[PDB]
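Okay, structure first, notes after.
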Amino acid sequence: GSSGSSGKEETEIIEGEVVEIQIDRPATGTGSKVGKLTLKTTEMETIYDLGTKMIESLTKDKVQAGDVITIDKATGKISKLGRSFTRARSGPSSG
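What follows is the structure, given as structure tokens:
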């Protein structure tokens with residue numbers, strides 16, 4: 011049919027370099043396990059709110075800083091990939 015064009019400039023997935031992983035305890039607050047994850051993507055870091063299912067993923071694989079993990083906003087699940095190739099500016103090339 012006619013409907014349809016070259017677009018789809020919207021993805022429900024984000025992959026970054028696990029910068030920091032904060033975990034709030036039930037000691038005080040509401041109850042539902044809540045945490046804060048930080049990933050450096052696009053020469054910029056963005057904080058992500060972790061619910062109760064997002065944490066279980068960081069635990070099963072004990073995801074820590076330095077590693078590279080993804081985030082599925084569609085289902086709200088996280089997966090581990092390992093490492094990645096980030097392009098950084100240096101200047102003087104030696105090779």
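My numbering applies: residue 11 is where the sequence shown begins, and numbers increase by one.
Backbone N, C-alpha and C define an ideal beta-carbon position, used for all residues, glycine too.
Let me confirm a value: residue i is counted as buried when at least 16 other C-beta atoms fall within 10 Å, else exposed. Which label applies?
{"i": "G26", "result": "buried"}
{"i": "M54", "result": "exposed"}
Quick one: Cα of residue i to Cα of residue j, how far?
{"i": "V44", "j": "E19", "result": "30 angstroms"}
{"i": "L91", "j": "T80", "result": "7 angstroms"}
{"i": "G76", "j": "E30", "result": "9 angstroms"}
Is DSSP giving residue i helix, strand or coil here?
{"i": "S89", "result": "strand"}
{"i": "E66", "result": "helix"}
{"i": "residue 113", "result": "Residue 113 cannot be examined here, being either before or after the span of the chain that is shown, 11 to 105."}
{"i": "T80", "result": "strand"}
If I follow the unbroken beta strand (DSSP E) through residue i, where does it start and stop?
{"i": "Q74", "result": "Here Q74 belongs to no beta strand (DSSP E), and DSSP marks it neither H nor E."}
{"i": "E19", "result": "Neither: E19 is in no beta strand (DSSP E) and is coded neither H nor E."}
{"i": "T48", "result": "44-50"}
Taking 8 angstroms as the CB-CB limit, is residue i close to chain B?
{"i": "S12", "result": "Absent from the structure is chain B; it holds one protein chain and no more."}
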